[PDB]
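Student: The structure that follows is given in the form of structure tokens.
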Amino acid sequence: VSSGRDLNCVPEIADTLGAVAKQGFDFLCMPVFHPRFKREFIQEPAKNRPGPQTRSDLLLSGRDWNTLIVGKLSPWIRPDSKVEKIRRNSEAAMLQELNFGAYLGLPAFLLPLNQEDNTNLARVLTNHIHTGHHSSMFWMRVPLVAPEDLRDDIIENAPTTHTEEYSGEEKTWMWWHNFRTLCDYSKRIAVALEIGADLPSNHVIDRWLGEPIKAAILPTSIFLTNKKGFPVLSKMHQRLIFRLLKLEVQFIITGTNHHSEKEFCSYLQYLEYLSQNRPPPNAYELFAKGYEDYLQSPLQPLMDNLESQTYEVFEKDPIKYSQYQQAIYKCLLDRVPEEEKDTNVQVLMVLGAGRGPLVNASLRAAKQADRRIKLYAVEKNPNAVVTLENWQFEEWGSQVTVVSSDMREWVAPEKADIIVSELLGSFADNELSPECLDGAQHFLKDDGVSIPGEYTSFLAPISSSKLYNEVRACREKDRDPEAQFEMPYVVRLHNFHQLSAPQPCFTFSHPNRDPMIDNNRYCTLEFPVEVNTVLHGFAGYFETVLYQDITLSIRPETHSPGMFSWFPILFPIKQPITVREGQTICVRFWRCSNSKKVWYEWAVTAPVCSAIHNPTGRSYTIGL
Amino acid sequence: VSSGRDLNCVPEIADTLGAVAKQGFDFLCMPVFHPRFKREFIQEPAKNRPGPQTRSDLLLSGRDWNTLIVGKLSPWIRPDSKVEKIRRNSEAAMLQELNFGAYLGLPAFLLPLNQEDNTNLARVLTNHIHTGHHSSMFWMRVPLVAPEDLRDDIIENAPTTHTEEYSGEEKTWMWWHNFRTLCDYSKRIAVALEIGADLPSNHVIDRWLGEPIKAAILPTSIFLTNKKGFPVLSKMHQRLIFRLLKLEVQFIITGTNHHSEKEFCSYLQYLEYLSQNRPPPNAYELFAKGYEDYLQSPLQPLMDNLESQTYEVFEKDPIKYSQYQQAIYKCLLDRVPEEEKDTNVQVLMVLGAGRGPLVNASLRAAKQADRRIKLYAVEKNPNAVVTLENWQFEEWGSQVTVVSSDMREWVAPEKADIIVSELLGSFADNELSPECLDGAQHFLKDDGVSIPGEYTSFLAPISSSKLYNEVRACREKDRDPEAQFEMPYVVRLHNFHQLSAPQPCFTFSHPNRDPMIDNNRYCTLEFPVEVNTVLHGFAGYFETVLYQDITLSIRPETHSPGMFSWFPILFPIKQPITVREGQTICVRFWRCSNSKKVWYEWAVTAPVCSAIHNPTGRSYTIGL
Amino acid sequence: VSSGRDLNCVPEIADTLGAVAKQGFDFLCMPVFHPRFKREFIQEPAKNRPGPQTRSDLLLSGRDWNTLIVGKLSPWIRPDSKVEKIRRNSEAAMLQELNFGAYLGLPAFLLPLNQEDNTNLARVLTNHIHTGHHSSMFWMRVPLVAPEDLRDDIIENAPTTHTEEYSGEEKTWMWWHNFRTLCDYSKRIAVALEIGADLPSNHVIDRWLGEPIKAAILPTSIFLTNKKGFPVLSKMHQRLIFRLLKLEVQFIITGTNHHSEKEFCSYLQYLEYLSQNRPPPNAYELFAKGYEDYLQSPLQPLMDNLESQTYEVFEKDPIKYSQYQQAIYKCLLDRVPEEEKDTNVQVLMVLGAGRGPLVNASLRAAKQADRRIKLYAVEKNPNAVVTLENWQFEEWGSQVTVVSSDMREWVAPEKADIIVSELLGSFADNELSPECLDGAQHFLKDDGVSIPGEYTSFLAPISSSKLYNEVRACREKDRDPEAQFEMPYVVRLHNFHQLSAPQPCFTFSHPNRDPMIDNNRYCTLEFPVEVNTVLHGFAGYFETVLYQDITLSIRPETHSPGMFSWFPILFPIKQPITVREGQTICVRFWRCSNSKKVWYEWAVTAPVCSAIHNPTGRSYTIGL
Ligand SMILES: Nc1ncnc2c1ncn2[C@@H]1O[C@H](C[C@@H](N)CC[C@H](N)C(=O)O)[C@@H](O)[C@H]1O
Ligand SMILES: Nc1ncnc2c1ncn2[C@@H]1O[C@H](C[C@@H](N)CC[C@H](N)C(=O)O)[C@@H](O)[C@H]1O
Ligand SMILES: Nc1ncnc2c1ncn2[C@@H]1O[C@H](C[C@@H](N)CC[C@H](N)C(=O)O)[C@@H](O)[C@H]1O
């Protein structure tokens, strides 16, 4: 676990660093100027105070400044002070300290958010950021519970508020939110969240869910003492540590030793014990590792010819093919009884056969069912057809006929009893499985079966300031400056908050036994929200019925165990939308088309209206 | 040394790869389709030939396709054929092979330039590149000497040309140049240069100097046989190998074994011997390693406050400070004779003292000279002033007065005998050393000395298709689309060709004892060119006189031994300019200013005119 | 005719303006500072000369400064002087005069190009332009014949060159060309061309053909004297005046009265006489008026539904429909003899019937031929179908069946004897007439006729610095910064020079009785050039065979009399290409496609290579 020591007293830098390294800490948060050394910038004689203003950069190597030191703003610096003289000396001192940090090449610098009004602090920080590049982080020190809200009820004529204030208990989140809004969501501004002795109510904690937390500050004072006299944490504090470890935050130990009989390293030893004894990660968490909140363009296997290694990645999912095999096995037994098993040969067409794993799944299914099949393997990608025709000649034989064709253009010699396909995207129909299957429908027998028989997409509103920032950074040269917000992204959503339960969006059935075949759709979804938050977009998932009870799902509540073929999809919004507890999020999604392209259009109509996203597919289309 | 085996016969892929790996090769260039398997795409019955069209992608792992295999275009593919049927089947086959390579995820693919007209080949390749991203390389197989020019004089009625054709001997360079011009200088298109038995004249070879050579092809047939019977190369071929090793090219062995008595690995063993026994690299080549053709923004120490690690990097150059010390030592002996050595105290002002290495150099110089000095250390960067004031208190004492001020604004208590500074850029005056020293001039005694006393910038025309491509790639969002060509770059020039000897551009003297002080300049330079080439820009260097014979230089012919503080500067041009042998390159450079900014403007007026670059400093300025 | 008086002596501004207005002049070119009042900017005591520096702006109204005055640079201003002092005072004086002109809001300002080296003049002008907006014009005063080349042969030891120097006689064009290249083709920089007593050879004159000439300067000294004693011009000077009137240039009279017996207004009276007695303009020149060098996007009637007024504009061309009628009339007589005239009913299908003018032309043709027809009017545009179905009901009756369908999708009840269409663009096949007709071909009888039967596109290399500047200005936000050069433009080419005779590019025939139907094409054109010039692009035209000898043409040498339906097309190049007399321009054009789009690709391969323009249709496509 990555840990740091927070100190406000550094007599000698090399000796302090050395003692802190001996305790097992990876870094030290410390003042870069003496915390009591208030400086005057305007009024004589104090403005002319002889130097040096602080200690020399030569006391540490450049590597040590770059890796072991987190800088700290002096505690007297008050840019939002009501005294003009204090405000102006504070602005000049803030710049001077931030500039010294940049001179040192510090990896991070700590600034407090200890009151509601930090407008001028924000302004001075924004001006500092727009002076060079640096890449250096700014960690905003904000507590879960404000100091005014955790004070002892020991003032006889000014008692503490014994009334529950739902939105008021959430006041420190609003201090952070206003600060980062003023600073225009800078990627360089993150949260150093300070944990208190008494944890606030759940709602107050999970307000921070999709916020960019880079560090968690643990005061030595919040630790309890166990039977042996060592510092430990309450079960609820342990639960919070485990949630923070999932976000890979850096842990900061602040304060003096409150367990005097023990060495100070015991606070860190306990933290390292919790890290070692954390619940282990599943096969999905192990596969998804490195892909957390990493944005990707959804694959378009109809418009583009997929590379060999994309097919190899699809083939690594055994759950998906064992589900397809089980579905084909069940369908073969329902179509051919025991008496006909040796005479009745079922025509099976794999539509979009890729490198052949579905062809092999159909063959294993037929051997399992003890039924006879005749296979056609249809594939438009001529590169995948090389793999197919080599497999056919070497292993499959005459039982499999490889067809190099678009399923919509193919003239079939026979009609199929069963059509098998895997043309599904993360939003089910976003790879144009309805259009492809509609075009192939005519060569399926009247009593013919399509595997999959049905699919349904799902949407859920999400809060994530990190993902909003990631999408924003996708602005490109030579295109609409807001195009990146008008397109979906395949992404393993990590640092986010799901604001309401997923609801069905669009459904498709196969075969499509309707005279007025229209794949266009318009859906209105009403999402009840139970917390105060910010809406940054919509997470999309899907569910499919392969055959009867044999299904595949990426919707979290029904997620197919151990299946990693599809990560969720993200539909962003151009502008974050404030949502109050008790309010309903209303979203409208359209599936649109012409003869050449298919696309999605979307808009929020409640609590406030957004603009219609991706009108006429100006930013994003799916090629037919 | 990175080596590859070129083969046109692969019976079994795994066995061939295995035998090639056993020989010591890092990779294999091979056909991805049988080289004799001509395919028909339009006319029946041959267009309907049963598959597979080639061997399966499943024969190797994805890692092996990505790292060990370079693909090859089939030899019958002739997109520039005069037969329409051949041209159309060739276009379809070229796309099919390039698409199979992309499907395989091949790191590189070989295409020949074996004739003058490759227009349609260029067109088909450009369309392939604009279909996805891939990042994959295209190696254009081009010989130093065309096959028509190396044929035996054995045709009685068609003799070989026994007449010297200067431009005609350079014909293969023009085949490459036209191809890459048509393809619009794609970063994905590089040269695989084929070496022949008889090397062409020097001029023909060095035509390739600043060209993007990624591979060098050595036919087994060019090797001579030594006393023991092993394959070796002529001394001239060895010279060329050593020049190619300096460019870090990949070496390709092509052809059959012509030294039958020996194992085939002997060709590679010899190559590995030459690599091991190459001339060693100097202290500059060792420092510059990793910075070859890497573009950087020139530092602006007047406008910006330099970071601690930039000062540390400056301090790593001992040659520069020992030169300054020697100059100060010589000047102190000329100003104070032996009789006055104990009474006469020389006032020395270090103007732009940074972290203090010049202050220490002045102190060492005074101890060496056995003369008395009084020091003032002037520095505008308040972060560097922290370092200075700590050094002053701990080591220097009262002998050094640290001054936190801009030298142009500073009111001096005394007048200086000597002013010492190091305000020089790679183009000498580009950090605004003239403006700074002009502003400080008034506090220098009438008989006062400035160290440096003088500096001169130099320019030389250069050819480099790699650097032109690197500059081009610096296009940014939210600025003029051609701004990147209108600014200088500090760069360790590597893959380039200097077209004419450097000539002086601008000169400055200190002190400036002229009533009409004007730092603006206008220079016309005439560069005689002795080879056929392409002008992509101008390399800039400088020379300075510290004191008398004590100098500093980055001009290559006078370069200060072991001094790495300054890399050359590059002034690009928006459009490459063709230059014929015997022609003069004429360039015009202006140094311009206003009260707030200084800048350069430049234009080529001969053999053809360019546009005036950076007019009014619209793309690049140096802040005052 | 718009005329101005050039003077270098203005004692009183109001009196001079008044006398000049009385003579009939529209404007006055005059010094804005006394032409002899040389100013010093650096050296005392002359730099401190008491003001005013010139006469007051208050002497004229703002409207008079904006409309009646063209400013003049002082004759002593020599920015390219070899004397540094002269050069620096000249730079400061040039800026001061240009700045006073901008202060006055002058519509134009005259600067001379009276020598080869104007590099510094260019630099000072470019810096002036990049200081604000102004929109104000800069007229570069350049003679047809250099003053060194028209001097009297009266120096006994320095005789005039009596040797013909083809390129040397063209030296003033190179002075202009280098100046405007340095200034980066500014839209604010134009030519004021000074005509001399002896006109140079034709080649020297027409070098200026596609150059931005805004004014023509006539010295009073070039005028001859007629019988009555009035100033007149030679027949050759009259020919040049008429060519300049076609470009709508402003005429400037310079010099003193050389016809003393006559009033000075006689020079202007003669000029006004020539303007009045100019050859009159044709019906095409009358229609095209206002469209000269105005760039337009070529219409795409397949991809877009044309507006009612676009159809109205097509219908204004009677020549086009009378040609179609004559072709149909001739074809009906060849298919049905006199004996069958009352029994044989010919099936005629108008494919892309628009608002119906071809339907009416077919009906008039059948009445003329005295033959029976059955009509089908096929139209995909449903808005045009409203017009059609109303015409059918009110006038046509049962004889015409209106079909609302794409001709490629339409299932015909009968087969056609004749298919009639007008799907041609300015480059013939650029509206996708081959694809449309190929799709409709199946419902034409075996002996069936297509009207048009054939079409051929033509290309010709052109020089036009104005059109290059117009194309350049089409850069748009949110797209490739060079996209505007990679697309054709429909344009009535005016201020240009055709460099070689038009040659055939692509040909199409209907019906397409070929098994291997491919509408893709690749053409190589070799253009012999007989003058020194700059290549800025290619003009495109077409020719079509409606039936037998009944044709339509926009190729200039065969242009259909009085037909204005199509203006030429312009294919630009990204970079201007220098071409020497005797050199060949080689161009390569490709017609490319996929299932959804058609496009052109083009490149110059000689005398130098260009990049391949519009690869993969990245900048321009024609929707299918
Ligand atoms: N209309 C179409 N006609 C034929 N093949 C198609 C069509 N649309 C998509 N495909 C192919 O269907 C495949 C979809 C793949 N994502 C799945 C591959 C394979 N069935 C598997 O499960 O591994 C790709 O190989 C596409 O090239
Ligand atoms: N006008 C100025 N007044 C004072 N210091 C300046 C001025 N212009 C530049 N400097 C400083 O001069 C230094 C230039 C450095 N590149 C050299 C540092 C040091 N003398 C060395 O050789 O390592 C920087 O520390 C600048 O901040
Ligand atoms: N494939 C198509 N099917 C049907 N109509 C088409 C097709 N392509 C183009 N058109 C129509 O053909 C017409 C072409 C026009 N420029 C000419 C109109 C009319 N024939 C005239 O001469 O005034 C338009 O009305 C188009 O909408």
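We name chains A, B, ... following the order of the structure tokens; residues begin at 1 in each chain, and ligands are numbered from 1 as shown.
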Can you tell me which residues surround residue 93 of chain B at a distance of at most 12 Å, considering only C-alpha atoms, apart from same-chain residues fewer than 6 positions away, and format the answer as a list in words?

Tutor: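 Near neighbours after the sequence-gap exclusion: residues 32, 33, 35, 37, 38, 39, 40, 41, 42, 53, 73, 74, 75, 76, 77, 78, 79, 86, 87, 99, 100, 121, 124 and 125 of chain B.
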
Student: Around ligand 1, which protein and nucleic acid residues have at least one atom no more than 6 Å from it, if we count only C-alpha atoms and all ligand atoms? List them as JSON, numbers by chain.

Tutor: {"A": [301, 302, 305, 311, 314, 315, 351, 352, 353, 354, 357, 358, 378, 379, 380, 381, 405, 406, 407, 408, 422, 423, 436]}

Student: For N, CA, C and O atoms, I'd like the residues from the last selection saved as a PDB file, in the first residue's frame.

Tutor:
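Wrote it out as again-v2.pdb, contents follow:
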```
ATOM      1  N   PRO A 301     -17.758  -4.295 -36.285  1.00  0.00           N
ATOM      2  CA  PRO A 301     -17.379  -5.434 -37.146  1.00  0.00           C
ATOM      3  C   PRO A 301     -18.082  -5.513 -38.497  1.00  0.00           C
ATOM      4  O   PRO A 301     -17.640  -6.287 -39.340  1.00  0.00           O
ATOM      5  N   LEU A 302     -19.149  -4.731 -38.708  1.00  0.00           N
ATOM      6  CA  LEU A 302     -19.798  -4.703 -40.006  1.00  0.00           C
ATOM      7  C   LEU A 302     -19.022  -3.762 -40.950  1.00  0.00           C
ATOM      8  O   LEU A 302     -18.639  -4.179 -42.046  1.00  0.00           O
ATOM      9  N   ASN A 305     -13.028  -4.561 -40.924  1.00  0.00           N
ATOM     10  CA  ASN A 305     -12.587  -5.953 -40.868  1.00  0.00           C
ATOM     11  C   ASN A 305     -11.721  -6.069 -39.614  1.00  0.00           C
ATOM     12  O   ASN A 305     -10.748  -5.334 -39.496  1.00  0.00           O
ATOM     13  N   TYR A 311     -10.139 -11.191 -32.586  1.00  0.00           N
ATOM     14  CA  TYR A 311     -10.833 -12.477 -32.627  1.00  0.00           C
ATOM     15  C   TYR A 311     -10.292 -13.384 -31.551  1.00  0.00           C
ATOM     16  O   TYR A 311     -11.080 -14.071 -30.907  1.00  0.00           O
ATOM     17  N   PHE A 314     -11.857 -12.373 -28.224  1.00  0.00           N
ATOM     18  CA  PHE A 314     -13.239 -12.902 -28.163  1.00  0.00           C
ATOM     19  C   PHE A 314     -13.259 -14.390 -27.773  1.00  0.00           C
ATOM     20  O   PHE A 314     -14.137 -14.830 -27.029  1.00  0.00           O
ATOM     21  N   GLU A 315     -12.304 -15.150 -28.320  1.00  0.00           N
ATOM     22  CA  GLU A 315     -12.161 -16.588 -28.135  1.00  0.00           C
ATOM     23  C   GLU A 315     -11.696 -16.991 -26.734  1.00  0.00           C
ATOM     24  O   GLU A 315     -11.847 -18.153 -26.375  1.00  0.00           O
ATOM     25  N   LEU A 351     -23.948 -17.207 -38.972  1.00  0.00           N
ATOM     26  CA  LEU A 351     -23.948 -15.919 -39.671  1.00  0.00           C
ATOM     27  C   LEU A 351     -23.013 -14.948 -38.933  1.00  0.00           C
ATOM     28  O   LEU A 351     -23.357 -14.418 -37.860  1.00  0.00           O
ATOM     29  N   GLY A 352     -21.829 -14.762 -39.523  1.00  0.00           N
ATOM     30  CA  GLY A 352     -20.721 -14.000 -38.970  1.00  0.00           C
ATOM     31  C   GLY A 352     -19.856 -14.945 -38.158  1.00  0.00           C
ATOM     32  O   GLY A 352     -19.669 -14.754 -36.954  1.00  0.00           O
ATOM     33  N   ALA A 353     -19.327 -15.983 -38.822  1.00  0.00           N
ATOM     34  CA  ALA A 353     -18.577 -17.091 -38.213  1.00  0.00           C
ATOM     35  C   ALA A 353     -17.171 -16.742 -37.662  1.00  0.00           C
ATOM     36  O   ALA A 353     -16.589 -17.560 -36.941  1.00  0.00           O
ATOM     37  N   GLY A 354     -16.663 -15.550 -37.978  1.00  0.00           N
ATOM     38  CA  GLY A 354     -15.347 -15.085 -37.554  1.00  0.00           C
ATOM     39  C   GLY A 354     -14.282 -16.105 -37.893  1.00  0.00           C
ATOM     40  O   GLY A 354     -14.205 -16.553 -39.044  1.00  0.00           O
ATOM     41  N   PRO A 357     -15.229 -20.170 -33.757  1.00  0.00           N
ATOM     42  CA  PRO A 357     -15.593 -20.784 -32.457  1.00  0.00           C
ATOM     43  C   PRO A 357     -17.066 -21.202 -32.321  1.00  0.00           C
ATOM     44  O   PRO A 357     -17.323 -22.195 -31.651  1.00  0.00           O
ATOM     45  N   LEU A 358     -18.007 -20.499 -32.997  1.00  0.00           N
ATOM     46  CA  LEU A 358     -19.443 -20.837 -33.005  1.00  0.00           C
ATOM     47  C   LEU A 358     -19.716 -22.081 -33.844  1.00  0.00           C
ATOM     48  O   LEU A 358     -20.620 -22.839 -33.508  1.00  0.00           O
ATOM     49  N   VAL A 378     -20.902 -18.483 -42.697  1.00  0.00           N
ATOM     50  CA  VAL A 378     -20.949 -17.226 -43.450  1.00  0.00           C
ATOM     51  C   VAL A 378     -20.098 -16.160 -42.750  1.00  0.00           C
ATOM     52  O   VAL A 378     -20.264 -15.918 -41.554  1.00  0.00           O
ATOM     53  N   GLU A 379     -19.160 -15.564 -43.503  1.00  0.00           N
ATOM     54  CA  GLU A 379     -18.247 -14.535 -43.027  1.00  0.00           C
ATOM     55  C   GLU A 379     -17.884 -13.573 -44.145  1.00  0.00           C
ATOM     56  O   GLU A 379     -17.425 -13.990 -45.202  1.00  0.00           O
ATOM     57  N   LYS A 380     -18.075 -12.275 -43.896  1.00  0.00           N
ATOM     58  CA  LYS A 380     -17.767 -11.209 -44.860  1.00  0.00           C
ATOM     59  C   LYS A 380     -16.291 -10.792 -44.813  1.00  0.00           C
ATOM     60  O   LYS A 380     -15.770 -10.290 -45.814  1.00  0.00           O
ATOM     61  N   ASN A 381     -15.635 -10.946 -43.644  1.00  0.00           N
ATOM     62  CA  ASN A 381     -14.232 -10.545 -43.480  1.00  0.00           C
ATOM     63  C   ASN A 381     -13.327 -11.574 -44.216  1.00  0.00           C
ATOM     64  O   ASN A 381     -13.261 -12.723 -43.772  1.00  0.00           O
ATOM     65  N   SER A 405     -19.159 -14.152 -47.783  1.00  0.00           N
ATOM     66  CA  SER A 405     -20.232 -13.256 -48.207  1.00  0.00           C
ATOM     67  C   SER A 405     -20.838 -12.467 -47.062  1.00  0.00           C
ATOM     68  O   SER A 405     -20.806 -12.903 -45.903  1.00  0.00           O
ATOM     69  N   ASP A 406     -21.454 -11.320 -47.413  1.00  0.00           N
ATOM     70  CA  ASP A 406     -22.253 -10.547 -46.491  1.00  0.00           C
ATOM     71  C   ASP A 406     -23.564 -11.359 -46.379  1.00  0.00           C
ATOM     72  O   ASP A 406     -24.135 -11.751 -47.409  1.00  0.00           O
ATOM     73  N   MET A 407     -24.040 -11.605 -45.152  1.00  0.00           N
ATOM     74  CA  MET A 407     -25.262 -12.385 -44.947  1.00  0.00           C
ATOM     75  C   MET A 407     -26.508 -11.775 -45.647  1.00  0.00           C
ATOM     76  O   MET A 407     -27.392 -12.523 -46.073  1.00  0.00           O
ATOM     77  N   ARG A 408     -26.527 -10.436 -45.821  1.00  0.00           N
ATOM     78  CA  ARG A 408     -27.613  -9.689 -46.473  1.00  0.00           C
ATOM     79  C   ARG A 408     -27.606  -9.835 -48.007  1.00  0.00           C
ATOM     80  O   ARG A 408     -28.644  -9.639 -48.644  1.00  0.00           O
ATOM     81  N   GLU A 422     -23.485 -14.022 -33.412  1.00  0.00           N
ATOM     82  CA  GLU A 422     -22.992 -13.280 -32.259  1.00  0.00           C
ATOM     83  C   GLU A 422     -22.565 -11.894 -32.798  1.00  0.00           C
ATOM     84  O   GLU A 422     -21.379 -11.562 -32.910  1.00  0.00           O
ATOM     85  N   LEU A 423     -23.575 -11.087 -33.134  1.00  0.00           N
ATOM     86  CA  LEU A 423     -23.427  -9.749 -33.724  1.00  0.00           C
ATOM     87  C   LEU A 423     -23.745  -8.644 -32.738  1.00  0.00           C
ATOM     88  O   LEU A 423     -24.038  -7.522 -33.144  1.00  0.00           O
ATOM     89  N   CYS A 436     -28.549  -6.907 -39.961  1.00  0.00           N
ATOM     90  CA  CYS A 436     -27.867  -8.080 -40.508  1.00  0.00           C
ATOM     91  C   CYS A 436     -28.798  -9.268 -40.524  1.00  0.00           C
ATOM     92  O   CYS A 436     -29.022  -9.841 -41.587  1.00  0.00           O
TER      93      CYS A 436
END
```

Student: Which residues of chain A are close to chain C, meaning at most 8 Å apart when you count only C-alpha atoms, and how do they look as a list in words?

Tutor: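 Contact residues on the first chain: residues 477, 478, 479, 480, 481 and 596 of chain A.
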
Student: Set the distance at 12 Å and use only C-alpha atoms: which residues neighbour residue 23 of chain A once local chain neighbours fewer than 2 positions away are removed? I'd like the list as a VMD selection string.

Tutor: chain A and resid 3 to 5 16 to 21 25 to 28 253 263 to 269

Student: So that I can check the surroundings of residue 430 of chain A, please list as a PyMOL selection string every protein, DNA and RNA residue that reaches within 10 Å of it, counting only C-alpha atoms and ignoring chain neighbours fewer than 4 positions away.

Tutor: chain A and resi 298-300+423-426+434+457+488+591+598-600+621-622

Student: Which parts of segment 200-270 of chain A does DSSP call strand (DSSP E) when run on the backbone here, written out as number ranges by chain?

Tutor: A: 213-219, 224-225, 231-232, 250-254

Student: Would you put the residues from that selection into a file with N, CA and C atoms, as a short mmCIF file (atom, residue, chain, number, x, y, z; two decimals), in the first residue's frame?

Tutor:
```
data_model
loop_
_atom_site.label_atom_id
_atom_site.label_comp_id
_atom_site.auth_asym_id
_atom_site.auth_seq_id
_atom_site.Cartn_x
_atom_site.Cartn_y
_atom_site.Cartn_z
N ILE A 213 -10.62 11.12 -6.00
CA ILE A 213 -9.88 10.96 -4.75
C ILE A 213 -8.50 10.36 -5.07
N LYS A 214 -7.44 11.11 -4.76
CA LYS A 214 -6.06 10.70 -4.97
C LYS A 214 -5.40 10.31 -3.65
N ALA A 215 -5.89 10.86 -2.51
CA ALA A 215 -5.38 10.52 -1.17
C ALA A 215 -6.46 10.50 -0.10
N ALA A 216 -6.26 9.70 0.96
CA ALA A 216 -7.14 9.59 2.12
C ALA A 216 -6.27 9.83 3.38
N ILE A 217 -6.62 10.88 4.17
CA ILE A 217 -5.88 11.31 5.34
C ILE A 217 -6.46 10.69 6.63
N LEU A 218 -5.62 9.92 7.32
CA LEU A 218 -6.01 9.27 8.56
C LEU A 218 -5.33 9.92 9.75
N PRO A 219 -6.07 10.72 10.56
CA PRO A 219 -5.47 11.26 11.79
C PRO A 219 -5.24 10.11 12.77
N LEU A 224 -8.59 3.53 17.59
CA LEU A 224 -8.98 2.94 18.87
C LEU A 224 -7.75 2.16 19.33
N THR A 225 -7.80 1.63 20.56
CA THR A 225 -6.73 0.85 21.15
C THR A 225 -7.25 -0.56 21.43
N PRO A 231 -2.62 0.64 17.95
CA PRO A 231 -3.70 1.38 17.28
C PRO A 231 -4.44 0.54 16.23
N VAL A 232 -5.77 0.54 16.30
CA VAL A 232 -6.64 -0.19 15.37
C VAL A 232 -7.82 0.72 14.93
N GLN A 250 -3.76 7.00 -2.27
CA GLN A 250 -2.58 7.02 -1.44
C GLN A 250 -3.04 7.36 0.00
N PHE A 251 -2.52 6.65 1.01
CA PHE A 251 -2.94 6.86 2.40
C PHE A 251 -1.96 7.75 3.14
N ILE A 252 -2.49 8.77 3.83
CA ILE A 252 -1.66 9.72 4.57
C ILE A 252 -1.93 9.63 6.08
N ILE A 253 -0.87 9.40 6.88
CA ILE A 253 -0.99 9.38 8.34
C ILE A 253 -0.58 10.77 8.85
N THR A 254 -1.52 11.43 9.54
CA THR A 254 -1.31 12.75 10.14
C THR A 254 -1.45 12.68 11.65
#
```

Student: Leaving out residue 308 of chain B and any residue of its chain fewer than 5 positions from it, which residues lie within 12 Å of it when counting only C-alpha atoms, given as a ChimeraX atom specification?

Tutor: /A:56-63,65-66,99-106 /B:313-315,354-355,381-387

Student: Check the smallest atom-to-atom distance from each of A:533, A:128, A:412, A:401 to residue 209 of chain A using only C-alpha atoms, then report the winner.

Tutor: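 Smallest distance to residue 209 of chain A is found for A:533.
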
Student: Which of segment 417-446 of chain B counts as helix (DSSP H, G or I) under DSSP, as a list in words please?

Tutor: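 The residues of segment 417-446 of chain B classed as helix (DSSP H, G or I) are residues 429, 430, 431, 433, 434, 435, 436, 437, 438, 439, 440, 441, 442 and 443 of chain B.
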
Student: Can you work out the spacing between atom CA of residue 241 of chain A and atom CA of residue 69 of chain A in Å, to one decimal?

Tutor: 23.4 Å

Student: With distances taken over only C-alpha atoms and all ligand atoms, which of C:255, C:356, C:229, C:461 is nearest to ligand 3?

Tutor: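 Of all the options, C:356 lies closest to ligand 3.
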